[PDB]
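Close look at the chain arrangement
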Amino acid sequence: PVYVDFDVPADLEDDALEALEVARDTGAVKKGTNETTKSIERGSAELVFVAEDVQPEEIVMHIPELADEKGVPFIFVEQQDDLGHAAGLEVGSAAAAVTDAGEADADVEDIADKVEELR
RNA sequence: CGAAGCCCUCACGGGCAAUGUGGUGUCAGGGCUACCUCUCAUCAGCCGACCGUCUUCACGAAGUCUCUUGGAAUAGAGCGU
Ligand SMILES: [Mg+2]
Ligand SMILES: [Sr+2]
């Protein structure tokens, strides 16, 4: 809410979570806010995911401003448990990162482009 | 480093845990990279006392002889242990 500056449509989110499921089974992904933050800093992040229902908002608060000064694209997910299932976890995840995509590189590229147009 | 983890249950199974269980590390700073050497430190865990002290208990030597006084010798005098 405080870190959210744009509303991502349900259709764009469906595409994004589908792309994340094939990103773990082919390439590699990072699960958890700590591992997402280190990826943006180490530069090894292609597309970063962040949940909208994070209480407290502090945990994830930094991701939008950090990704902007590191050129890493980001997208918002409405629910926390859906991002966890998409990353391949029984639990939820406040944030996930795609560390080098796999057979989804063409999809991720377009998702990164659809978000830039949405400001 | 990143689920490699913890709890309940005989098990089955359940619960916890990416908002981080668990590994590493804690100023002889540590970590990462590159090598040298090596450990007996530390932490976890097993076993598990002596002595001493306090209390309680068992065992444990040698006269109940003489005379006088006395209601009564545990007294006096005598002899003995
Ligand atoms: Mg430790
Ligand atoms: Sr949760």
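Rules used in this analysis
- Residues numbered from 1 in each chain as written, not as in the entry; some residues may be left out.
- Chains lettered and ligands numbered in written order.
- Part of a larger assembly, values for the part shown.
- Heavy atoms only, no water.
- Salt bridge = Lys/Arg side-chain N within 4 Å of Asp/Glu carboxyl O.
- Helix = DSSP H or I, 4+ residues; strand = E, 2+ residues; numbered from the N terminus.
- Buried < 20%, exposed > 50% of the residue type's maximum accessible area, 1.4 Å probe, protein only.
- Core = buried A, V, L, I, M, F, W, Y, C linked by side-chain atoms within 4.5 Å.
- Contact = heavy atoms within 4.5 Å.
- Expected span 1.5 Å × (residues − 1).
- Arc of directions from axis to C-beta.
- Near = heavy atom within 4 Å.
- Polar contact = N/O pair within 3.5 Å; in protein donor to acceptor, adjacent residues only side chain to side chain.
- Nonpolar A, V, L, I, M, F, W, Y, C, P; charged D, E, K, R; others polar.
- Pairing = 2+ DSSP bridges.
- Axes fitted to C-alpha atoms, helices over the stretch in contact; angles between N-to-C directions.

Side chains bearing opposite charge may pair, as long as their charged atoms lie close to each other. A full pass over the atoms with the stated rule returns 2 salt bridges. A salt bridge links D15 to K114; the shortest N-O distance between them is 3.5 Å. Within this pair, whereas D15 is found in helix α1 (residues 10-24), its partner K114 is found in helix α5 (residues 105-116), the two being separated by 99 residues in sequence. Judged by its relative accessible area of 35%, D15 is partly exposed. Of the charged contacts, one joins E21 and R24 as a salt bridge, the two residues approaching to 3.3 Å between their closest N and O atoms. Highlighted residues: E21 and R24, both in helix α1, separated by 3 residues, approximately one helical turn.

What follows deals with the nonpolar core. The biggest cluster of nonpolar side chains holds 40 residues, and the ones touching the most others in it are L20, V48, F49, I75, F76, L83 and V98. Other than its neighbours up to four places away in sequence, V98 contacts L20, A23, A28, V29, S44, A45, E46, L47 and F49.

Attention now moves to α1. Taking 1.5 Å of rise per residue, 15 residues should cover 21 Å, and α1 covers 22 Å from first to last C-alpha, within 8% of that figure. Within α1, burial applies to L12, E13, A16, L17, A19, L20 and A23. Axial view of α1: buried residues confined to an arc of 160°, hence all on one face. Set apart from the buried face of α1 by more than 90 degrees, the exposed residues are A10, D11 and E18. Taken together, the buried residues of α1 touch β1 (29-31), β2 (47-51), β3 (74-77), α4 (80-86), β4 (95-98) and α5.

The full set close to RNA strand B counts 17 residues, and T33, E35, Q55, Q80 and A94 are the nearest of them. Looking at RNA strand B alone, sugar and phosphate atoms form 34% of those within 4 Å of the protein. A distance of 2.9 Å separates a phosphate oxygen of RNA strand B from a polar side-chain atom of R42. Partitioning the surface near RNA strand B into residue classes produces 6 nonpolar, 7 polar and 4 charged.

This next bit is on the sheet that holds β3. Taken together, the 4 strands give an open sheet; going across it, the order is β1-β4-β2-β3, and neighbouring strands pair in mixed fashion. Edge positions in the sheet fall to β1 and β3, since each of these pairs with one other strand and no more. Looking at each pair of strands side by side, their axes are set apart by 20° on average, direction ignored. As judged from the 4 bridges shared by β2 and β3, these two strands associate in the parallel manner. Each residue of the ladder has a partner; that of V50, found in β3, is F76. Most of the contacts of helix α2 (residues 33-41) go to β4, to which it runs at about 40°, and overall it touches β1, β2 and β4.

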